[PDB]
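Quick setup: one chain, the form solved without the named molecule, written in structure tokens, and binding and motion questions come after.
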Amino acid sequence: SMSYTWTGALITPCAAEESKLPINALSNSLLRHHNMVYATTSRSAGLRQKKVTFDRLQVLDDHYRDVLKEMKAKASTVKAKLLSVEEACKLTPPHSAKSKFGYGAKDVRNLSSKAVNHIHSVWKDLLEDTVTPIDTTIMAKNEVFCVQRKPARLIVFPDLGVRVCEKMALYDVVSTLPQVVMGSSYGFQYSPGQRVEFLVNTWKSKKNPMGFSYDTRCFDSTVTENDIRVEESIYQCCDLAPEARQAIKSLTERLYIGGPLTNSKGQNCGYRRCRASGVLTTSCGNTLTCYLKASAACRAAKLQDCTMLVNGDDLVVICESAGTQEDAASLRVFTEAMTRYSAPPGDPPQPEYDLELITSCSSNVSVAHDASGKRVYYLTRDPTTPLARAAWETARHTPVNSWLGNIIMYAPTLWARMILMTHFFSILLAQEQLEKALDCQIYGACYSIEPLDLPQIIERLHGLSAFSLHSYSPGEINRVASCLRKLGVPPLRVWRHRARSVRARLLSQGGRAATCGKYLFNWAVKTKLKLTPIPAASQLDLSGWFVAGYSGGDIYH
């Protein structure tokens, strides 16, 4: 069926939207090529609508069915609990879109009974009605990029009351099921370093490794009613409370499978018959579905000694090469199978034979050296989008601080250390806002993070090694340098200079700020300090960080 049917009503903004990089007094110290940076707005949503609107046909064979049977067997071993209203409420982000029923995320979080009452009525409705399509709002995402212009992505989501209901019914399922079903293939269980460890060991476990990433064209849109019912049947394999089963059946029939689309002005924009990107099960359903299709496609393609790594629609496969010609033919067959399953490629997959050249989750493994001179593998990515976004965040307060996420997730990298840490620590110093906790996202989930904890956070996620990496790869350095020329970011030598200042300014504050100065900026100075373990690092609640992915899932930790 058509992934979408549109009425003609526009996708409308709430607030007026800025597409142009806001410039303040700090902007130029990060970036000079301001016109390279933009934010998507609803005003390009029509282009997106066109892209995402197509017919899906699906042809399911025995490999598909075998894998599903296997997945269901693993899923039958999971037991999940219903969350209480209160618990579901506490997982709601403070910025989460307000209900149309006259209450907002903050009413939910501090548990006003106006919200709780409504949520209870939503839940009772979900139990009583398993057929009535649930209304959804379609919005254009405002996200920041560097010009290559992408149209806005679309966010489709049910009312706040329904979302708390999704959490009650499904939060535990989407938190536990994926790792049980997909085992080590489930990408969201990995910190970046564990992700590197997995990729590195898997690569090394092959006599002749070949790897490829598979780009599905608009994954959400290729997701069919059948896919969404299949994933429900996987959920229902779990040991669930009877109300959980009912709510899941009902959210599936009424929401997940499809539904009417309403813009922010209240007009009907049409109808959706594919994955909604603003629901709890977006990440988990995509992951399962991507895994299901891809594992079946690996069998179709007779890929040998095949290891998958899946995060939502992001798939990377490492397997035994059969030589470039056979590999290419394998990927064609893999692609035809995926296509038959309604997951056709954007860019057709290409075999790669160097781990460091495989991009997956927009990242690649790279190598630098620790203090010992010993080679170390770590995760990096092209810094262009991070820096674009840092530039936006340099002038604008934003609900999510990508800079802070990037420093955390990419702490060991050259660009996060020399540029992100230097710039933003500089800004925090100047505003004496070092102590203020900032919201950032990790695997789609919102965390409140205190910048002063970065050293302990990075020691925990990455090891002290991340504060000592040097002698980065030529291809990594060239990518960064090239990125800096594109965006007009000052060279790494300026950043080193600045960092020496930022470091001393931090050391002078003493305490946590001084620890930030000490660890975060040890690289900056000729004559270095001894980076020993940080006692407080071992006191950090890093439980929940890399358990599952929660994008579009309206999740706050």
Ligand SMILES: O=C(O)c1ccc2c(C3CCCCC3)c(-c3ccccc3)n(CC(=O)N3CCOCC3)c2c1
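A residue's number is simply how far along the shown sequence it sits, counting from 1. The term rigid core refers to the most C-alpha atoms you can superpose between the two forms while keeping them within 1.5 Å.
The discussion below concerns the form deposited with the named molecule bound, not included here.
Backbone and C-beta atoms of the displayed form come within 2.4 Å of three or more atoms of the named molecule after its pose in the deposited bound form is superimposed, which defines the site as blocked.
Using a 4.5 Å cut-off to the named molecule in the deposited bound form, each of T394, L420 and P490 places a heavy atom inside that distance. In the deposited bound form, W495 approaches the named molecule with a heavy atom inside 4.5 Å.
Within 4.5 Å of any heavy atom of the named molecule in the deposited bound form lies no heavy atom of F425.
When contacts are judged by a 4.5 Å heavy atom cut-off, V37 counts as touching the named molecule in the deposited bound form. Although the partner is absent here, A390 lies within 4.5 Å of the named molecule in the deposited bound form, judged by heavy atoms.
Remark: of stretches 231-239, 79-87, 116-124, 480-488, the one touching the named molecule in the deposited bound form is 480-488 (heavy atom within 4.5 Å). In a core superposition between the shown form and the other one, the Cα of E450 is the only one among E197, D354, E450, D125 shifting by 2 Å or more. In this overlay on the rigid core, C440 has a C-alpha that sits 2 Å or more away from its partner position between the shown form and the other one.
Relative to the superposed rigid core, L68 undergoes a CA displacement smaller than 2 Å between the shown form and the other one. Residue displacement note: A430 has its CA displaced by at least 2 Å between the shown form and the other one (rigid core superposed).
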